[PDB]
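Below is one structure, written out as structure tokens, with a few remarks after it.
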Amino acid sequence: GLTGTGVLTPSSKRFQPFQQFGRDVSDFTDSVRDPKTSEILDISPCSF
Amino acid sequence: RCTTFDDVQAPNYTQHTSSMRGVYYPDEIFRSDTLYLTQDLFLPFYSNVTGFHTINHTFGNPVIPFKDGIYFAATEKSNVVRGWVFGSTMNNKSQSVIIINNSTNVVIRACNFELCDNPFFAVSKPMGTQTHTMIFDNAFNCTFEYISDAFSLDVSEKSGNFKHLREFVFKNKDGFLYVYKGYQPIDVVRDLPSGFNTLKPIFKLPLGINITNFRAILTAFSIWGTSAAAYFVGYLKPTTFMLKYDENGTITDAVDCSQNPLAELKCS
Amino acid sequence: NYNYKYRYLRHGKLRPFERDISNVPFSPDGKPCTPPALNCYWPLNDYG
């Protein structure tokens with residue numbers, strides 16, 4: 001249910017079973033659970 | 001077949017404090033190191049608790065209407081209080097969902113059921129059998145069934161500490177029913193301890209019927225019988241909370257707005 | 001085709017996604033009637 005453009009790396013969570021998203025500072029998702037069991041941070045600022 | 005017991009005493013509707021209970025996860029999303037605001041039907045801090053102390057003489061099985069859901073809590077030692085009669089009219093005609101167990105697995109079922117005036121589990125003290133689980137009376141204009149996780153679940157009578165603490169939240173929402181689960185080891189004589197426990201977003205349900213009335217379901221030790229136990233009632237209020245998530249993703253503190261000028265200043 | 005129906009008598013509005021099968025023999029202050037009593041009808045109405 002997500003789209004976008006970014007730089008991927010694995011997560012560092014205490015991630016939850018019902019859970020997918022991270023929105024870290026506010027509402028910007030910043031960490032995703034892959035649908036095939038991976039925990040991956042999404043640092044979308046590619047470079048700018 | 002209203003197989004209704006008679007020694008069901010009227011208590012004085014014992015009153016307690018709703019200090020810090022009812023906090024759950026409003027989102028489905030990790031965050032960290034925030035104060036998050038949201039506006040929702042929550043149990044306020046410090047408010048009333050209509051606690052029901054069913055004892056060896058006093059039995060507490062009333063009918064209560066829905067009224068913005070409930071904060072629910074029950075101190076059972078191997079699980080007396082399975083079952084909720086979330087009904088409409090408490091007769092044969094009722095849009096009723098029933099939340100019960102086959103002692104291993106969770107059986108929830110909504111249909112127009114015959115609601116007896118007191119159907120009871122004829123549960124014995126050393127074993128714990130639903131010998132008289134006669135609740136499935138009628139089936140006309142039926143709607144829905146659901147069977148959840150089969151998991152570890154006991155029946156029979158114990159004592160000691162309030163070994164199982166069921167902290168539940170039952171919340172109607174846009175037709176759905178949202179039901180949460182907690183667990184806590186507590187030891188009070190008969191009453192509520194002081195403490196908070198974050199409730200988990202467990203059960204969300206596609207039901208969609210006008211849920212008016214409810215009853216609670218206990219185990220009548222077959223003539224009834226109860227242990228040294230109690231269960232609580234709390235009502236929700238459309239208030240505003242500021243939560244404090246940690247880096248672990250665990251609720252460590254909650255602050256209401258409509259409680260104290262200091263509390264609203266905290267959420268301000 | 002008078003087989004399928006609708007209902008047109010109730011105490012008021014509704015919340016979303018919510019349903020009652022209950023054929024209530026309506027009276028405007030509760031009062032469970034048997035039609036043909038006064039202000040006591042049934043809500044069933046065919047499709048024509």
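Scheme for the structure tokens: letters A, B, ... for chains in order shown; per-chain residue numbers from 1; ligand numbers from 1 in order shown.
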Taking only C-alpha atoms into account and nothing else, which residues of chain A lie no more than 12 Å away from chain B? Please answer as a CSV table (one decimal) with N, CA and C atoms, in the first residue's frame.
chain,number,residue,atom,x,y,z
A,11,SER,N,16.4,-3.1,8.9
A,11,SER,CA,16.0,-2.4,10.1
A,11,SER,C,16.8,-2.7,11.4
A,12,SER,N,16.4,-2.1,12.5
A,12,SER,CA,16.9,-2.3,13.8
A,12,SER,C,15.9,-2.2,14.9
A,13,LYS,N,14.7,-2.8,14.6
A,13,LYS,CA,13.5,-2.6,15.4
A,13,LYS,C,13.4,-3.5,16.6
A,14,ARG,N,12.3,-3.3,17.3
A,14,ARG,CA,11.7,-4.3,18.1
A,14,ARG,C,10.3,-4.6,17.5
A,15,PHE,N,10.3,-4.9,16.2
A,15,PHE,CA,9.2,-4.8,15.3
A,15,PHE,C,8.0,-5.7,15.7
A,16,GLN,N,6.8,-5.3,15.4
A,16,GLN,CA,5.7,-6.0,16.0
A,16,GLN,C,5.0,-6.9,14.9
A,17,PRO,N,4.3,-7.9,15.4
A,17,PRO,CA,3.7,-8.9,14.4
A,17,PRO,C,2.6,-8.3,13.5
A,18,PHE,N,1.8,-7.3,14.0
A,18,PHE,CA,0.7,-6.7,13.3
A,18,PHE,C,1.2,-5.5,12.4
A,19,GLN,N,2.5,-5.3,12.3
A,19,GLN,CA,3.1,-4.0,12.1
A,19,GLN,C,3.7,-3.9,10.7
A,20,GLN,N,3.7,-2.7,10.2
A,20,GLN,CA,4.5,-2.5,9.0
A,20,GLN,C,5.3,-1.2,8.9
A,21,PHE,N,4.9,-0.2,9.6
A,21,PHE,CA,5.4,1.1,9.2
A,21,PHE,C,6.1,1.8,10.4
A,22,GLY,N,6.9,2.9,10.1
A,22,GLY,CA,7.7,3.6,11.1
A,22,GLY,C,7.6,5.1,11.4
A,23,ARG,N,7.2,5.8,10.3
A,23,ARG,CA,6.9,7.3,10.3
A,23,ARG,C,7.7,8.2,11.2
A,24,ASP,N,9.0,7.9,11.3
A,24,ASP,CA,9.9,8.2,12.4
A,24,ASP,C,9.8,9.6,13.1
A,25,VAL,N,10.1,10.7,12.4
A,25,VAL,CA,9.9,12.0,13.0
A,25,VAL,C,8.4,12.3,12.9
A,26,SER,N,7.8,12.2,11.7
A,26,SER,CA,6.4,12.3,11.6
A,26,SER,C,6.0,11.8,10.2
A,27,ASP,N,5.0,10.9,10.1
A,27,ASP,CA,4.3,10.5,8.9
A,27,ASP,C,5.1,10.2,7.6
A,28,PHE,N,6.3,9.7,7.7
A,28,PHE,CA,7.1,9.5,6.5
A,28,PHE,C,7.7,8.1,6.4
A,29,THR,N,7.1,7.2,7.1
A,29,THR,CA,7.2,5.7,7.0
A,29,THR,C,8.5,5.1,7.3
A,30,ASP,N,9.6,5.7,6.9
A,30,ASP,CA,11.1,5.6,7.3
A,30,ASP,C,11.6,4.2,7.8
A,31,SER,N,10.8,3.2,7.7
A,31,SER,CA,11.2,1.8,8.0
A,31,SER,C,10.0,0.9,7.6
A,32,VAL,N,10.2,-0.1,6.8
A,32,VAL,CA,9.1,-1.0,6.4
A,32,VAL,C,9.5,-2.5,6.7
A,33,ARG,N,8.5,-3.3,6.9
A,33,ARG,CA,8.6,-4.7,6.9
A,33,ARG,C,8.3,-5.2,5.5
A,41,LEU,N,14.8,-0.6,6.9
A,41,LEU,CA,14.7,0.9,6.9
A,41,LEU,C,14.7,1.4,5.5
Near residue 82 in chain B, counting only C-alpha atoms, which residues have an atom at most 7 Å away, once you skip same-chain residues fewer than 3 positions from it, shown as an mmCIF file with C-alpha atoms, in the first residue's frame?
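Writing the result to around38.cif gives the following:
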data_model
loop_
_atom_site.group_PDB
_atom_site.id
_atom_site.type_symbol
_atom_site.label_atom_id
_atom_site.label_comp_id
_atom_site.auth_asym_id
_atom_site.auth_seq_id
_atom_site.Cartn_x
_atom_site.Cartn_y
_atom_site.Cartn_z
ATOM 1 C CA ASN B 79 -10.527 -18.548 33.408
ATOM 2 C CA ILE B 100 -17.501 -18.216 24.022
ATOM 3 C CA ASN B 101 -15.016 -21.082 23.935
ATOM 4 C CA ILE B 217 -20.771 -15.229 31.306
ATOM 5 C CA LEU B 218 -19.204 -17.033 34.247
#
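In terms of minimum interatomic distance to residue 24 in chain C, B:94 ranks closest within B:17, B:94, B:3, B:47, counting only C-alpha atoms.
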Just want the 9 Å neighbourhood of residue 21 in chain C, counted on only C-alpha atoms, with same-chain residues fewer than 5 positions away dropped. Output as a PDB file with N, CA and C atoms, in the first residue's frame.
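To be explicit, this is the file written out as part.pdb:
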ATOM      1  N   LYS B  93     -35.424 -12.821  19.581  1.00  0.00           N
ATOM      2  CA  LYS B  93     -35.444 -11.944  18.419  1.00  0.00           C
ATOM      3  C   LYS B  93     -34.148 -11.155  18.238  1.00  0.00           C
ATOM      4  N   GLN B  95     -30.420  -9.534  17.745  1.00  0.00           N
ATOM      5  CA  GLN B  95     -29.174  -9.484  16.978  1.00  0.00           C
ATOM      6  C   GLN B  95     -28.024  -9.655  17.948  1.00  0.00           C
ATOM      7  N   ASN B 112     -29.534 -14.318  15.123  1.00  0.00           N
ATOM      8  CA  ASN B 112     -30.721 -14.169  15.937  1.00  0.00           C
ATOM      9  C   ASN B 112     -30.921 -15.452  16.728  1.00  0.00           C
ATOM     10  N   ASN B 141     -32.812 -16.606  10.709  1.00  0.00           N
ATOM     11  CA  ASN B 141     -32.199 -15.395  10.155  1.00  0.00           C
ATOM     12  C   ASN B 141     -30.782 -15.205  10.710  1.00  0.00           C
TER      13      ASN B 141
END
>> Report as a VMD selection string all protein, DNA and RNA residues lying within 10 Å of residue 268 in chain B, evaluated on only C-alpha atoms, omitting residues in the same chain fewer than 2 positions from it.
In response: chain B and resid 37 242 257 261 to 266
With N, CA and C atoms retained, write the just-selected residues as a PDB file, in the first residue's frame.
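Dumped everything to result_10.pdb:
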ATOM      1  N   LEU B  37      -0.417  12.597  19.777  1.00  0.00           N
ATOM      2  CA  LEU B  37      -1.781  12.908  20.168  1.00  0.00           C
ATOM      3  C   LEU B  37      -2.782  12.129  19.337  1.00  0.00           C
ATOM      4  N   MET B 242      -2.298  12.134  24.893  1.00  0.00           N
ATOM      5  CA  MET B 242      -0.919  12.276  24.467  1.00  0.00           C
ATOM      6  C   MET B 242      -0.125  11.106  25.027  1.00  0.00           C
ATOM      7  N   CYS B 257      -6.285  14.662  28.193  1.00  0.00           N
ATOM      8  CA  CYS B 257      -6.469  16.100  28.139  1.00  0.00           C
ATOM      9  C   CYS B 257      -7.606  16.567  29.035  1.00  0.00           C
ATOM     10  N   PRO B 261      -6.402  20.425  34.436  1.00  0.00           N
ATOM     11  CA  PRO B 261      -5.665  21.523  33.793  1.00  0.00           C
ATOM     12  C   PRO B 261      -4.195  21.267  33.639  1.00  0.00           C
ATOM     13  N   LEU B 262      -3.578  20.572  34.582  1.00  0.00           N
ATOM     14  CA  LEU B 262      -2.208  20.165  34.360  1.00  0.00           C
ATOM     15  C   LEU B 262      -2.141  19.083  33.292  1.00  0.00           C
ATOM     16  N   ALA B 263      -3.150  18.211  33.234  1.00  0.00           N
ATOM     17  CA  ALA B 263      -3.127  17.156  32.228  1.00  0.00           C
ATOM     18  C   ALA B 263      -3.350  17.712  30.837  1.00  0.00           C
ATOM     19  N   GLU B 264      -4.239  18.690  30.702  1.00  0.00           N
ATOM     20  CA  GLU B 264      -4.397  19.263  29.381  1.00  0.00           C
ATOM     21  C   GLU B 264      -3.221  20.152  29.032  1.00  0.00           C
ATOM     22  N   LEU B 265      -2.582  20.757  30.026  1.00  0.00           N
ATOM     23  CA  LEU B 265      -1.377  21.517  29.737  1.00  0.00           C
ATOM     24  C   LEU B 265      -0.255  20.606  29.258  1.00  0.00           C
ATOM     25  N   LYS B 266      -0.184  19.400  29.825  1.00  0.00           N
ATOM     26  CA  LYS B 266       0.743  18.394  29.326  1.00  0.00           C
ATOM     27  C   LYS B 266       0.438  18.016  27.890  1.00  0.00           C
TER      28      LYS B 266
END
>> Set the cut-off to 6 Å and count only C-alpha atoms: what are the residues of chain B that reach chain C? Output as number ranges by chain.
In response: B: 174-175, 208-210
Contact residues around range 39-48 of chain C with only C-alpha atoms at 6 Å, ignoring same-chain residues under 3 positions, as a CSV table (one decimal) with C-alpha atoms, in the first residue's frame:
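As a result, selection.csv now contains:
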chain,number,residue,atom,x,y,z
C,2,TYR,CA,-43.2,-9.1,-4.8
C,4,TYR,CA,-38.1,-9.0,-2.1
C,5,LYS,CA,-38.8,-6.1,0.2
C,6,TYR,CA,-37.5,-3.1,2.1
C,7,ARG,CA,-38.2,-1.4,5.4
C,8,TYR,CA,-39.5,2.1,5.9
C,9,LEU,CA,-40.4,2.6,9.6
C,25,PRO,CA,-44.2,-4.2,14.5
C,26,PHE,CA,-43.5,-0.5,14.9
C,27,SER,CA,-45.2,2.0,17.3
C,33,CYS,CA,-48.0,-4.0,18.6
C,35,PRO,CA,-51.0,-4.9,13.4
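Atom pair CA of residue 49 in chain B / CA of residue 235 in chain B: separated by 8.1 Å.
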>> With DSSP run on the backbone, what are the strand (DSSP E) residues within chain C? I'd like them as a VMD selection string.
In response: chain C and resid 5 to 6 45 to 46
File of the preceding selection, N, CA, C and O atoms, as a tab-separated table (two decimals), in the first residue's frame:
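Full text of out02.tsv as output:
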chain	number	residue	atom	x	y	z
C	5	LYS	N	-38.13	-7.13	-0.57
C	5	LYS	CA	-38.78	-6.10	0.21
C	5	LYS	C	-37.78	-5.04	0.66
C	5	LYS	O	-36.60	-5.07	0.31
C	6	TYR	N	-38.29	-4.10	1.44
C	6	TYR	CA	-37.50	-3.09	2.12
C	6	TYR	C	-38.28	-2.67	3.36
C	6	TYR	O	-39.45	-3.04	3.54
C	45	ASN	N	-42.11	-4.09	2.78
C	45	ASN	CA	-42.63	-3.39	1.62
C	45	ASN	C	-42.03	-4.00	0.36
C	45	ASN	O	-40.81	-4.00	0.21
C	46	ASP	N	-42.88	-4.49	-0.54
C	46	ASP	CA	-42.42	-5.21	-1.72
C	46	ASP	C	-41.77	-4.27	-2.72
C	46	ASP	O	-41.73	-3.05	-2.53
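The interatomic distance for the pair CA of residue 224 in chain B and CA of residue 152 in chain B works out to 24.8 Å.
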>> Quick check, in Å to one decimal: how far apart do CA of residue 92 in chain B and CA of residue 215 in chain B lie?
In response: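 Pair CA of residue 92 in chain B / CA of residue 215 in chain B returns 15.0 Å.
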>> Can you pull out the residues contacting residue 231 in chain B? Cut-off 6 Å, using only C-alpha atoms, and skip same-chain residues under 5 positions away; I want them as an MDAnalysis selection string.
In response: chainID B and resid 51:52 73:74
